[PDB]
Amino acid sequence: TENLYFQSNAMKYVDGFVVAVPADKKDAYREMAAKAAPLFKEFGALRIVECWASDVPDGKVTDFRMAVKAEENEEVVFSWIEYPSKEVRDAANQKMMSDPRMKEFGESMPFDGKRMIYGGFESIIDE
Amino acid sequence: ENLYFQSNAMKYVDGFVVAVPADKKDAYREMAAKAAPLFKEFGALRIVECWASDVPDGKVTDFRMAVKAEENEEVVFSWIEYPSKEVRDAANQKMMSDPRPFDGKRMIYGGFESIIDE
Ligand code: NA
Ligand code: NA
């Protein structure tokens, strides 16, 4: 529910992900993320959001499909995880990597890990 | 099963990834601060702009290649949340019809439907 104190103060750091996912694997992907999400929260994540292409324009210089070298059978996913600080983000990711829960239902990735793009970013505007 | 939740719960997100000259960070922040109130007025739930902090280089793809970033530039990861595609479309149409520090063509942009929000 809306809470202006949490809204104002909670997030300071974001891990952003852009993924190419086979279109027929939408459900598999959603299920994987639904399994991962509570784990990230356990480790200090504030929120995990995964968004499936709806209206993604094609360009000649750059575009979201070019960014993940998307193949004809694939759709672009735009996703992120919100954290209270870089330090919590770092701790969470280290934990995730040492968790057998994501060793299992996590190594069956319904997408090409090589083409995923990823980075940590500091919040500069959040309104 | 609750069809009211099913139909309404998930938000619609316009995602933006932008190459911005590193020396224009404040200019970029103040631009976004100015635009935010207008997007909210038009129906946005939230506007977020994030500046590169730990963005690894890759050989296949990475955030810098995604916006064909130049040596003097950093990557911004940004989004705007809406209740639905319809509000998103209305808000952007208002932006195009109505109102009032980065390489606009290299920016990548798209509308996306949230499928997980936890
Ligand atoms: Na293109
Ligand atoms: Na580490």
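From first to last, the protein sequence lines are chains E and Z. Counting from 301, one number per residue, gives the positions in the first sequence under the working numbering. Counting from 3, one number per residue, gives the positions in the second sequence under the working numbering. Even for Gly, the Cβ is constructed at its ideal location relative to N, Cα and C.
| query | result |
| --- | --- |
| May I have all residues whose beta carbon comes closer than 7 angstroms to any heavy atom of ligand 1, sorted in chain order? | E/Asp358, E/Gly359, E/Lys360, E/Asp363, E/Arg365 and E/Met366 |
| Can you tell me the Cα-Cα spacing of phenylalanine 41 of chain Z and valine 388 of chain E, whole angstroms? | 30 angstroms |
| Using CA atoms only, rank isn't needed, just tell me which of E/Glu342, E/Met416 and E/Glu427 is closest to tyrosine 383 of chain E. | E/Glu342 |
| Only counting the same chain, and skipping five residues up and downstream in sequence, which positions put a Cβ closer than 7 angstroms to that of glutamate 374 of chain E? | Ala320, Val321, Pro322 and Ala323 |
| Is there at least one Cβ from chain E nearer than 8 angstroms to residue 2 of chain Z's Cβ? | Outside the modelled stretch of chain Z, which goes from 3 to 120, sits residue 2 of chain Z, for which no answer is possible. |
| Decide if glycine 112 of chain Z is buried, meaning its Cβ has at least 16 other Cβ atoms within 10 Å, or exposed. | buried |
| Work out the CA separation of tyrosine 6 of chain Z and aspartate 315 of chain E for me, nearest whole Å. | 31 angstroms |
| For the putative contact between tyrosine 14 of chain Z and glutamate 120 of chain Z, defined by C-beta atoms under 8 angstroms, what is the C-beta separation to the nearest angstrom? | Not confirmed; about 17 angstroms, so no contact. |
| Would DSSP call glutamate 88 of chain Z helix, strand or coil? | helix |
| Would you check whether ligand 2 has a heavy atom nearer than 7 angstroms to the C-beta of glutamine 394 of chain E? | yes |
| Is there at least one non-hydrogen atom of ligand 2 closer than 7 angstroms to the beta-carbon of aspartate 16 of chain Z? | no |
| Suppose contacts are defined by Cβ-Cβ distances below 8 angstroms. Is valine 361 of chain E in contact with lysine 107 of chain Z by that definition? | yes |
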